[PDB]
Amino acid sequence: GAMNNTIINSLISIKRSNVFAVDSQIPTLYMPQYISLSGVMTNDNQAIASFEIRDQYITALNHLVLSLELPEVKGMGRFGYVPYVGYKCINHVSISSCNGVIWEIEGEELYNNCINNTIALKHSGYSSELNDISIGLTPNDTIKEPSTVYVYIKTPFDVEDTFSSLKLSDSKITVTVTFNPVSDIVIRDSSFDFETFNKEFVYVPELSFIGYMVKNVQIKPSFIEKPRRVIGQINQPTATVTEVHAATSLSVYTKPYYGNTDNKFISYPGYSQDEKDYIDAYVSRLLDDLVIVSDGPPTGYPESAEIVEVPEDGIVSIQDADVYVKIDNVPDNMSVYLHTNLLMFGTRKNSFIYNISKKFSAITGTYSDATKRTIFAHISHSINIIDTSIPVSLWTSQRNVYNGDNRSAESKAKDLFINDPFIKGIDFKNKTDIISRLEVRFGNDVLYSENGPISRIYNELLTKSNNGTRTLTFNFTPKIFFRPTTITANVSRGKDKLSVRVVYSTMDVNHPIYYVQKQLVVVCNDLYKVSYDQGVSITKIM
């Protein structure tokens, strides 16, 4: 009939496993409930939220979600939230019992664990409404409407759902959330009254979790991976994690330190977070001053600026670099001018110069008589992600022989303070790999060494993530159903620590990014045993 004759003839003693039917096992009798709790706020006057979970009927819990009520932002100036605002709010999270800390994570590490989860990232705050830079005109004008963001606190209790869930029978569980200053989660200009905003802003958190009421629970001991972070000394290529006895993994990455700067940047693309989006935003900001259509030489620029009239030929020569500038519908009384030194950096008076005007090759557009502006059609340039990641301070630094920032006062007023706590590398997109070589030593012996980021490639492949780190995985054994595979220590032979040594690729000293400080971050996942005898407790595997 419907089945082909060749198949029916091929089919129509050996022990065979049933693949078409299964005995439906009766599970443990339980009832789940989505429980939300309001916390206790406390105040370096850091904001701390405490959530106490104690209920006879709450037998187990998993899937922690922290909601945050972002207030209405009213006033004058430019304002916007950092992408994934909710995760950036978190400085530290700790789940503890009467016997102490059961599990804890640093804000950045929780974000790193959720970077592959698109849904969790969108929930935490990723919209044009939240992340684009909105402007307030009147002192009562609404810049940002109030919104609620949801931060998924990924814990090891979620790995195998009910099986991995944190059991809390006859024990009090306290979820403590430490918040980063509101400065970190906000991108604003000088016009914005941050002083008042910081005073008026208050974190409004509410912890939600999936609670389980289990009838006659059969609690058995489990294993947990607890992350440990070590941040090296400023620009130092070495960091050491002490007392390493049973580690499942070791992650190594770099972070920029903007202490020597005012955290002000020329441009920000807002919601659009692609590398091209960052570059286009920068080009757009520079173009206002780069090509000027004026009646006689342009005014409102520093004496230091070298604004040159574009010849009939269209080509302007800034040293070896040629810039083709051709604007249409230019009035008979006006000429086309090019700012030949918009941003320039040099450590010596007659040496190499890093000039941003030289990074442009062709600028075409049409002058609008109605709006008295220049509408740019096509731009041919060599601007990179690093250029957009240079803090304004480094252009006007003492290392610079030249003035540095030759932009108009109008353009300089549009600069934005960016204090994102989770920036990696030396650029906003973490594009540039500054680690030339990695060395990992377990005790005094070399555990691993690499010249290329092959550990990052394996991390990206194995975790199915596009934003991985140089990670050394020691556990390839299935989680929850097995005791994780760990590096075994030998205290007697001094093999009880992990020492990381990197070799940073050095930059040109005449390039402003050379002066961006670096920090080596080393993350270690230590193995602990969860014991439930007389309350919940953890014990370090040694």
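Don't overthink the numbering: it's just position in the shown sequence, from 1.
The entry shows a gap from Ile12 to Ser13, with 4 to 9 unmodelled residues of the deposited sequence in between. Unmodelled residues of the deposited sequence between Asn43 and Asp44: 1 to 3. Checked against the record, the higher mean CA B factor of 291 to 299 and 179 to 187 lies with 291 to 299.
Just going by the entry, 271 to 279 versus 211 to 219 on mean CA temperature factor gives the higher value to 211 to 219.
Within the selection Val491, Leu64, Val502, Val516, the deposited Cα B-factor values reach their highest point at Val491.
In this structure the maximum Cα B-factor among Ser249, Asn350, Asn459, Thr238 is found at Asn350. Among the modelled residues of its chain, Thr148 has a C-alpha B-factor that falls in the lowest third, as given in the PDB entry. Ranked within its chain, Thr471 lands in the middle third, by CA B factor from the PDB record. Per the PDB record, residue ranking by Cα B-factor puts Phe197 in the highest third of the chain. Annotation for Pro139: C-alpha temperature factor in the highest third relative to the rest of the modelled chain, per the entry. In the deposited entry, the Cα temperature factor of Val530 places it in the highest third of its chain's modelled residues.
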